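Colleague:
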Amino acid sequence: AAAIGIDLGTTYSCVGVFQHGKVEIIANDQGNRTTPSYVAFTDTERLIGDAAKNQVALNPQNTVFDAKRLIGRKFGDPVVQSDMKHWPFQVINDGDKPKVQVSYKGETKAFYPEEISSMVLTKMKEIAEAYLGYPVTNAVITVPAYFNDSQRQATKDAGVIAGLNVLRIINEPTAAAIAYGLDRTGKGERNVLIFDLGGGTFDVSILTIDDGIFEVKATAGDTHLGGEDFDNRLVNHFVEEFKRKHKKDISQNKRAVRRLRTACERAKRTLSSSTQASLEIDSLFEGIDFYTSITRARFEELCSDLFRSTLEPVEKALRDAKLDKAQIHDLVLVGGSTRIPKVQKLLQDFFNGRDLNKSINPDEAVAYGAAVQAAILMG
Amino acid sequence: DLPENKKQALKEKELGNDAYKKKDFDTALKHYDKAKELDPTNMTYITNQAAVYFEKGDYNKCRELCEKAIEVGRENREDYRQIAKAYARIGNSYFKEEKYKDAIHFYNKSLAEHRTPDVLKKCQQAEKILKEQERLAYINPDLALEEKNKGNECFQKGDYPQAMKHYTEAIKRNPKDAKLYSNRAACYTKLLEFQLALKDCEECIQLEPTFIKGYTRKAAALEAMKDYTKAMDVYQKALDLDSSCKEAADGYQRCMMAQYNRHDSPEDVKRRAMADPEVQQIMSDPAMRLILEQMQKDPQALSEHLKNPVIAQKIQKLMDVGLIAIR
Ligand SMILES: Nc1ncnc2c1ncn2[C@@H]1O[C@H](COP(=O)(O)OP(=O)(O)O)[C@@H](O)[C@H]1O
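Residue numbers (the deposited numbering), protein chains in the order written: chain D, 4 to 382; chain E, 217 to 543.
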């Protein structure tokens, strides 16, 4: 059975397979190569992926996301204690280990974050199996470079629950470096800066590669900066306009906000290509349809500080790695949010015009790299 | 070789340079302003004008100029080292105004552009100065007394680790509290961290040379570790302050016998004595090795060599640790 690699994020995931000499990225049933890291416990089924993401509108207290923020942690861990305050689902103390409580088929149940992850991995397994025409257990799962030991083992166990033969755990930036062929230099080069602007987090790290051997020299980042807060600024823009037109503040209406926010995400994706996006929601608030727009320039203004702040961790990583800008041989973009022209512009200016490596879609590169390594482990 | 306006800017640059060699700040600014307008896509004219404003103490103007130069160099793809220099100078204005926290911020930017050895050293000086300023700001004898007192409440209950934690906060808050150092030393002696008892007792003692308890706590740790020779010497220093002191007298008398009774196997002697760099030096020194061989073979070699203190005290040290026995 062909080896696969799985890109496991807080909001999204992606699986690649290595077959017939190359990595293929496998689209799920909705045609999405990258599918949501969501699980929805409805009163009829456990949905995973887009099926689950689309239910946040109806059963938000029973849906989960951000499993990785709880995986490998103790319940009393300050991260757990802080992050749970911003979630619709309940985090439960079971042996000083967070467990997440949802109502499933009317029953009260709670699952460890690891179980939620295994559900997601199972879906990625099904996507790959359906695509290939056969069961696949041979897999590589990536993790953030800052993960500790409990976190890596917990990730591996989620794979075990899913039914995978976890061959390996790889730090996310190593996988990206593999994807871009940086392990084929034949030199003591290169010093590569990998910039991962993801869903709920921003991870920056410097990997020094010496003829195929990787070392993380430095990490920097922001645990509460990612694509989600760009969407949040976009929500406030549209809420304020709704308010001005109707003299109604809809930010307190959770259904209106979830639907607005979903549309905001779509508008943000639209603007990574076009300079204009439309906001089109029927019955957004109290039966009011809300139709408006945003341009790329306006989006950038709303988020101008969010974009600038992404460079502070770059400066930190360079100093910790004891490198200057001149010593970075390559720049790698990871994360769908790096598709935003403003990000690319800031990195080019920060690095004095150096090209950014975009040969592989930034939100596929990790799955891609994991698939390559998985292929190596299996051949 | 150059566009005419670049060459013209260069001629003015050079004249400006000579004006600065003579400290003619203002003639030089005139030359660099011409040079700046002649070749605007060049940071060098801007940074040179900033050099004047830095030397004049006009740090706000020199900072504006450095910032403009940085923006220009990036637009025009100038060397990262040029950008770094502009940042280094910005950090230098803050360094000179004693705003070390800002000097550091800008030096950090300078280092990212290029890790210039000069910046590395200057920013280290900025850090050393700021760190000392921060400790002095931290120090507050009344907070030290409150932490000391909580440490004492814990200490007195046998909870030495907690006492130590509070004593640590108290010392950060009041560094000259000799009594506090010895209270930590006590925590360590009770917890068998005899080595740490020695280091805090030694600072206590230098701060307060008459604090007999600093000496009895140190000596007890030394005795416990079977370092009876120094324990006796430390207990004796305590006796020199007060000859009637109980630990100073009793620990002294126990060490007096124990320092010989413990020799036992030569392996104990070698492992303990060779822990001490002074005897390691005596043995690593071949002159001493030759002297020692003569001494083993001829008691008269000892009689004569020991008349000279440079040898007699190297030998005395080896005898004190038990490496050389005399019969
Ligand atoms: N085509 C696109 N243009 C702009 N942003 C995108 C695009 N596709 C996905 N995104 C954004 O990228 C993010 C996906 O993050 P992901 O690439 O999974 O990284 P990670 O798994 O490390 O969090 C989300 O914030 C999403 O809205």
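For each residue, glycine too, the CB sits at the ideal point set by N, CA and C.
Going along the chain, which residues of its own chain have a beta-carbon closer than 7 Å to the beta-carbon of residue 39 (chain D), five neighbours each way excluded?
Modeller: What you label residue 39 (chain D) is simply residue 36 of the first sequence in a count that begins at 1. Same-chain partners within the cutoff: 14, 15, 52, 53, 55, 56.
Colleague: Using a threshold of 7 Å, is the CB atom of residue 340 (chain D) nearer than that to any non-hydrogen atom of ligand 1?
Modeller: As a first step, residue 340 (chain D) is located in the first sequence; it is residue number 337 there, counting from the start. Answer for residue 340 (chain D): yes, Cβ within range of ligand 1.
Colleague: Spell out the partners DSSP gives residue 107 (chain D) in its beta bridges.
Modeller: For the purposes of this step, residue 107 (chain D) is taken as residue 104 along the first sequence, with counting starting at 1. Answer is D:110, bridged to residue 107 (chain D).
Colleague: Looking at C-alpha atoms only, which residue of E:492, E:443, E:496 is the closest neighbour of residue 470 (chain E)?
Modeller: As a first step, residue 470 (chain E) must be located in the second sequence, where it is residue number 254. Cα-wise, what sits closest to residue 470 (chain E) is E:443.
Colleague: Does the region 508 to 523 of chain E come close enough to the region 469 to 483 of chain E to have 3 or more Cβ pairs within less than 8 Å?
Modeller: Judged by Cβ distances under 8 Å, the region 508 to 523 of chain E makes no contact with the region 469 to 483 of chain E, as fewer than three pairs qualify.
Colleague: Quick one: is residue 116 (chain D) buried, meaning 16 or more other Cβ sit within 10 Å of its Cβ, or exposed?
Modeller: One-based indexing of the first sequence puts residue 116 (chain D) at position 113. Flag for residue 116 (chain D) reads buried.
Colleague: Identify which residue in E:507, E:535, E:282, E:452 has its Cα closest to the Cα of residue 486 (chain E).
Modeller: Numbered from its first residue, the second sequence carries residue 486 (chain E) at position 270. Of E:507, E:535, E:282, E:452, the residue nearest in Cα terms is E:535.
Colleague: Could you check whether the Cβ of residue 271 (chain D) sits closer than 7 Å to any heavy atom belonging to ligand 1?
Modeller: Within the first sequence, the letter at position 268 stands for residue 271 (chain D). Checking the Cβ of residue 271 (chain D) against ligand 1 gives yes.
Colleague: Would you report the Cα separation of residue 70 (chain D) and residue 34 (chain D), rounded to the nearest angstrom?
Modeller: The residue labelled residue 70 (chain D) in the question sits at position 67 within the first sequence. The residue labelled residue 34 (chain D) in the question sits at position 31 within the first sequence. Taking the straight line joining both Cα atoms gives about 24 Å.
Colleague: Examine chain E for any beta-carbon lying closer than 8 Å to the beta-carbon of residue 328 (chain D), and answer yes or no.
Modeller: One-based indexing of the first sequence puts residue 328 (chain D) at position 325. So yes, residue 328 (chain D) belongs to the interface.
Colleague: So, is the C-beta of residue 258 (chain E) closer than 8 Å to a C-beta in chain D?
Modeller: For the purposes of this step, residue 258 (chain E) is taken as the residue at position 42 of the second sequence. No, because no Cβ of chain D sits closer than 8 Å to the Cβ of residue 258 (chain E).
Colleague: Any contact between the region 166 to 173 of chain D and the region 136 to 152 of chain D? By contact I mean 3 or more CB pairs, one from each, below 8 Å.
Modeller: Yes: at least three Cβ pairs fall under 8 Å.
Colleague: Assuming residue 248 (chain E) and residue 265 (chain E) form a contact by the criterion Cβ under 8 Å, report the distance between their Cβ atoms to the nearest whole angstrom.
Modeller: Locating residue 248 (chain E) in the second sequence gives position 32, where the first residue counts as 1. Locating residue 265 (chain E) in the second sequence gives position 49, where the first residue counts as 1. That belief holds up - the Cβ atoms of residue 248 (chain E) and residue 265 (chain E) are roughly 5 Å apart, short of 8 Å.
Colleague: What does residue 352 (chain D) touch in chain E if you count any residue whose Cβ is under 7 Å from its own?
Modeller: Here residue 352 (chain D) is taken as the residue at index 349 of the first sequence, counted from 1. Going along chain E in sequence order, the residues near residue 352 (chain D) (Cβ under 7 Å) are 290.
Colleague: Can you tell me which residues form a DSSP beta bridge with residue 520 (chain E)?
Modeller: To locate residue 520 (chain E), count along the second sequence from 1; it is residue 304. Residue 520 (chain E) pairs with nothing; no bridge assigned.
Colleague: So that I know if they touch, is there some Cβ in chain E lying closer than 8 Å to that of residue 315 (chain D)?
Modeller: For this step, residue 315 (chain D) is matched to residue 312 along the first sequence. So no, residue 315 (chain D) is outside the interface.
Colleague: Below 8 Å on C-beta distance, what does residue 194 (chain D) contact in chain E?
Modeller: For the purposes of this step, residue 194 (chain D) is identified with residue 191 of the first sequence, where counting begins at 1. Near residue 194 (chain D) there are no residues of chain E at all, since even the closest Cβ is about 13 Å away, more than 8 Å.
Colleague: Tell me whether the region 320 to 340 of chain D and the region 190 to 205 of chain D touch, counting them as touching only if at least three CB pairs, one residue from each stretch, are closer than 8 Å.
Modeller: Contact between the region 320 to 340 of chain D and the region 190 to 205 of chain D is present, because at least three Cβ pairs lie under 8 Å.
Colleague: Identify the continuous alpha helix (DSSP H) that holds residue 333 (chain D) and give its terminal residues.
Modeller: As a position in the first sequence, residue 333 (chain D) is number 330, starting the count at 1. Counting along the chain, residue 333 (chain D) falls outside any alpha helix (DSSP H), though it belongs to the beta strand (DSSP E) covering 333 to 337.
Colleague: Are the C-beta of residue 356 (chain D) and some C-beta of chain E separated by less than 8 Å?
Modeller: What you label residue 356 (chain D) is simply residue 353 of the first sequence in a count that begins at 1. For residue 356 (chain D), the answer is yes, since a Cβ of chain E falls inside 8 Å of its Cβ.
Colleague: Determine, using beta carbons only, whether residue 304 (chain E) comes closer than 8 Å to chain D.
Modeller: As a first step, residue 304 (chain E) is located in the second sequence; it is residue number 88 there, counting from the start. False, the Cβ-Cβ gap to chain D never drops below 8 Å.
Colleague: Please classify residue 25 (chain D) as buried or exposed, where buried requires at least 16 neighbouring CB atoms within 10 angstroms.
Modeller: By 1-based counting over the first sequence, the position of residue 25 (chain D) is 22. Under this definition residue 25 (chain D) is an exposed residue.
Colleague: Fully enclosed by the region 4 to 64 of chain D, which beta strand (DSSP E) runs are 3 residues long or longer?
Modeller: Segments of the beta strand (DSSP E) lying fully in the region 4 to 64 of chain D: 7 to 11, 15 to 22, 25 to 28, 42 to 44, 49 to 51.
Colleague: Does the region 208 to 225 of chain D touch the region 318 to 326 of chain D, meaning 3 or more C-beta pairs lie closer than 8 Å?
Modeller: Yes: the two stretches touch, three or more of their Cβ pairs being nearer than 8 Å.
Colleague: Shortest alpha-carbon distance to residue 432 (chain E) belongs to which of E:489, E:403, E:379, E:452?
Modeller: Along the second sequence, read from residue 1 onward, the residue named residue 432 (chain E) stands at position 216. Closest option to residue 432 (chain E), Cα to Cα, is E:452.
Colleague: Just to confirm, is the Cβ distance from residue 126 (chain D) to residue 113 (chain D) under 8 Å?
Modeller: As a position in the first sequence, residue 126 (chain D) is number 123, starting the count at 1. As a position in the first sequence, residue 113 (chain D) is number 110, starting the count at 1. No, the Cβ-Cβ distance between residue 126 (chain D) and residue 113 (chain D) is not below 8 Å.
Colleague: Give the interface partners of residue 325 (chain E) over in chain D, defined as CB-CB distance under 9 Å, in chain order.
Modeller: The residue given as residue 325 (chain E) occupies position 109 in the second sequence. 318, listed in chain order.
Colleague: Is residue 254 (chain D) close to ligand 1? I mean its beta-carbon at under 7 Å from any heavy atom of the ligand.
Modeller: Translated into the one-based positions of the first sequence, residue 254 (chain D) becomes position 251. Residue 254 (chain D): no, Cβ never under 7 Å from ligand 1.
Colleague: By a C-beta neighbour count over all protein chains shown, 10 Å radius and 16 as the cutoff for buried, is residue 380 (chain E) buried or exposed?
Modeller: As a position in the second sequence, residue 380 (chain E) is number 164, starting the count at 1. With 16 or more Cβ atoms within 10 Å of its Cβ, residue 380 (chain E) is classed as buried.
Colleague: Taking C-alpha atoms, which residue in E:527, E:294, E:512, E:389 lies nearest to residue 543 (chain E)?
Modeller: Locating residue 543 (chain E) in the second sequence gives position 327, where the first residue counts as 1. Ranking the options by Cα distance to residue 543 (chain E), first place goes to E:512.
Colleague: What residue does the alpha helix (DSSP H) around residue 534 (chain E) start on, and which one ends it?
Modeller: As a working mapping, residue 534 (chain E) is identified with position 318 in the second sequence. From DSSP, the alpha helix (DSSP H) with residue 534 (chain E) extends over 525 to 536.
Colleague: Determine, using beta carbons only, whether residue 130 (chain D) and residue 29 (chain D) come nearer to each other than 8 Å.
Modeller: Position 127 of the first sequence, counting from 1, holds the residue named residue 130 (chain D). Position 26 of the first sequence, counting from 1, holds the residue named residue 29 (chain D). Cβ distance < 8 Å, so residue 130 (chain D) and residue 29 (chain D) count as in contact.
Colleague: Residues of the region 23 to 42 of chain D in Cβ contact with chain E at a cutoff of 7 Å, in chain order, please.
Modeller: Listed in sequence order: no entries.
Colleague: Need the endpoints of the beta strand (DSSP E) that residue 294 (chain D) sits in, please.
Modeller: Indexing the first sequence from 1 puts residue 294 (chain D) at position 291. From DSSP, the beta strand (DSSP E) with residue 294 (chain D) extends over 291 to 298.
Colleague: Determine the extent of the alpha helix (DSSP H) in which residue 208 (chain D) is found, giving its start and end residues.
Modeller: Counting from 1 along the first sequence, the entry for residue 208 (chain D) is found at position 205. No alpha helix (DSSP H) contains residue 208 (chain D), which is instead part of the beta strand (DSSP E) from 205 to 213.
Colleague: Is residue 483 (chain E) a contact residue of ligand 1, with contact defined as CB to any heavy atom under 7 Å?
Modeller: Within the second sequence, residue 483 (chain E) is the residue found at index 267, counting from 1. No - ligand 1 has no heavy atom lying nearer than 7 Å to the Cβ of residue 483 (chain E).
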